[PDB]
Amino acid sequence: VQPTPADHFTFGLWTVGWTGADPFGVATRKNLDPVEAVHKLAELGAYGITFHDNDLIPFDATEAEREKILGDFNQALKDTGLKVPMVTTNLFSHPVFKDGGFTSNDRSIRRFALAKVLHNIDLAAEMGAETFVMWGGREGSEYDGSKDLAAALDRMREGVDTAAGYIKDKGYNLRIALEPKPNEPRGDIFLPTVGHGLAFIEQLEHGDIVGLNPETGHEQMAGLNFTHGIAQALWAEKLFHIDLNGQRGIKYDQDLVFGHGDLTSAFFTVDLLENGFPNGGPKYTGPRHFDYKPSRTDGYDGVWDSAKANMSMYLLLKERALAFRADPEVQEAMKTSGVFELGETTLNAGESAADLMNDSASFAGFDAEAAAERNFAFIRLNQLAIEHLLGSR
């Protein structure tokens, strides 16, 4: 272990501050003072803290109340040294957002949600956050006829392009990151996966400052490969932030500690974030943010334990993934399997489509039957990663 601030472990206020109310029960923990949250996080080794507006400032707060709270909050940041790398807005708890924020059927709620966002953009800039996250949790429906699907996407576009144009207009040094979720709280949430998220950004006017904030558990709620999806975000140069946690299967969003869900996928998620790609290419250099929830069965000693464990898990995993790629038998296993070979272009420098068709040895005279003999040896290579992860090698 021993996470140190250069590791860039940032934690949201709502993670450790999560009191335990689930769908079937009330909170099992007393509320957590934000100032207390800041001092405890800094003591554990974190680099920063993130928050939703209503996490710090009540929806009812008066102007006088908002400044009291921000003073104490800012003093704490000051006393401890934590940064505030990401800020986000609550567009899901208050009953007003029951049909969404940006894509609410009610036009007056669309405006109210957008004005909440713009003001929150001002606070984000004021705190020094470089990313503004957007989790559209109530954008969706339970029933397919509830919405005009085309208009729901035009209304989502309007909100995001209005917010973006405002960032550019003010010259805040902020980027927007969308956070996909397939379901919960809605039956079907719009932009349910990384692909949808990614595709949507490409139809925006201000797409240049809009990227994604994928969350392990969310892609895993659709049965998808999380590494595969973050790989694709990075390859598109849209992986602006990340939420790390654990999910055991397709069920409700569990938000477990990172590594307490699909352990082998967490191993390869850490290999991509730390090591990047076998043949070279992009790297993710932002914060390693944890969006989890301390199990409701545990008191406050598990709250700080769970926070410690996230960081532990990531450095345990980082350690084995460094050892793994550095190991000469793994590097040779990779060469046998064709990992480096995929890096070579298919076409020879200069060869046209007409050329290759017409190249007798690639088609006409190709021995297909002989190329099929090849042992890719992907099982042996999988076995080498598991043994490294198991601490055996």
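We number the residues from 1 along the sequence you see.
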Which has higher Cα B-factors on average according to the PDB entry: 73-81 or 200-208? 73-81
If you take the mean CA temperature factor per stretch, which one wins between 154-162 and 139-147? 154-162
Say you rank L316, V270, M86, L239 by Cα B-factor from the PDB entry; which sits at the top? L316
Going by the deposited entry, which of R248, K170, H289, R107 has the highest CA temperature factor? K170
Ordered by C-alpha B-factor within the chain, which third holds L123? Give me lowest, middle or highest, please. middle
Would you mind ranking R320 by its C-alpha B-factor against the rest of the chain and naming the third, lowest, middle or highest? highest
On the chain's distribution of Cα B-factors, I189 falls within the third called lowest
In terms of its chain's C-alpha B-factors, the third that includes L174 is the highest
